[PDB]
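If you want the building blocks of each chain, they are given just below.
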Amino acid sequence: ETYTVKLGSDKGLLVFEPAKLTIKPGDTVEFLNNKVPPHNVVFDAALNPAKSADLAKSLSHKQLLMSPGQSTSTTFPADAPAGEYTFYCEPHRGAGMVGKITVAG
Ligand SMILES: [Cu+2]
């Protein structure tokens, strides 16, 4: 199936759930918003095993998360390089809202 990180605890603060993530090279991962939007999901082109700027083009999205309960299901491509990615939030940056996809090799 696909992995999903319900960012935002509920009575504590904002933090992906879980914080890290383990997927395969091409698996799918759905991200959503809780009750403290807007949330921004993207993959920095510096915290990756292949510092580049292509697989992200079809991975990171834009526009604020105006959907309460869902953000954007990024279907990682078959090029997903093993190692560990690193996405974060633009607004909730001071809330440990920084997760990372771990695609074993
Ligand atoms: Cu967020």
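Criteria and cut-off values
Residues numbered from 1 in each chain as written, not as in the entry; some residues may be left out. Heavy atoms only, no water. UniProt positions renumbered as here; feature names shortened; annotations may be inferred. Helix = DSSP H or I, 4+ residues; strand = E, 2+ residues; numbered from the N terminus. Buried < 20%, exposed > 50% of the residue type's maximum accessible area, 1.4 Å probe, protein only. Pairing = 2+ DSSP bridges. Axes fitted to C-alpha atoms, helices over the stretch in contact; angles between N-to-C directions. Donors = N, O, S within 2.8 Å, 3.2 Å for Na, K, Ca; no water. 1 Å grid on protein atoms, 1.4 Å probe; cavity = no way out; pocket = protein on both sides within 12 Å on 5 of 7 lines; lining within 4 Å. Points joined across faces, edges and corners; volume = space filled by probe spheres on them. Nonpolar A, V, L, I, M, F, W, Y, C, P; charged D, E, K, R; others polar.

Method of determination, as given in the entry header: solution NMR.

Named according to the PDB entry, the chain is PLASTOCYANIN originating from Anabaena variabilis. Per UniProt, the chain carries the Cofactor text "Cu(2+)". Its UniProt record gives the chain a comment under Sequence similarities, which states: "Belongs to the plastocyanin family."

Turning next to unusual backbone geometry. Cis geometry is found at the peptide bond from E17 to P18, where omega equals 0°. Residue position: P18 is located in the loop between β1 (3-5) and β2 (20-23). Following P37, the chain continues to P38 via a peptide bond in cis, the omega torsion being 0°. Position of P38 among the secondary structure elements: in the loop between β3 (29-31) and β4 (42-43). For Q63, which is not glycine, the phi dihedral falls at a positive 65°. One can find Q63 in the loop between β4 and β5 (72-74).

Before going further, it helps to spend a moment on the pairing of strand β7 (residues 100-103). The two faces of a sheet get side chains in turn, since along a regular strand they alternate between them. The two faces of β7 differ: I101 and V103 on one face are buried, but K100 and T102 on the other face are not. Pairing analysis gives 4 bridges linking β2 to β7, with the strands arranged parallel. Counted as the bridge partner of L21 is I101 from β7.

To continue, consider the sheet that holds β1. Judged by pairing direction, the sheet is mixed, and its 3 strands sit side by side in the order β1-β3-β5 without closing on themselves. In this open sheet, the two edge strands, each paired with only one partner strand, are β1 and β5. Adjacent strand axes in the sheet meet at a mean angle of 20° when their direction is disregarded. Strand direction decides the pairing type here: β1 and β3, joined by 3 bridges, are parallel. Counted as the bridge partner of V5 is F31 from β3.

Our next topic: the coordination of the copper ion. Protein coordination at the copper ion: the donors are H39 (ND1), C89 (SG) and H92 (ND1), at 2.0 to 2.1 Å from the metal. For the copper ion, the donor residues sit on a single chain with the sequence spacing H-x49-C-x2-H. We note that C89, like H92, is buried.

Using the criterion set out here, one finds 1 cavity of 30 Å³ or more in the structure. The computed volume of the largest cavity comes to approximately 110 Å³. As for the largest cavity, its lining consists of 14 residues, and the residues nearest its centre are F43, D44, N48, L55 and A56. For the lining of the largest cavity, the class distribution of residues is 9 nonpolar, 3 polar and 2 charged.

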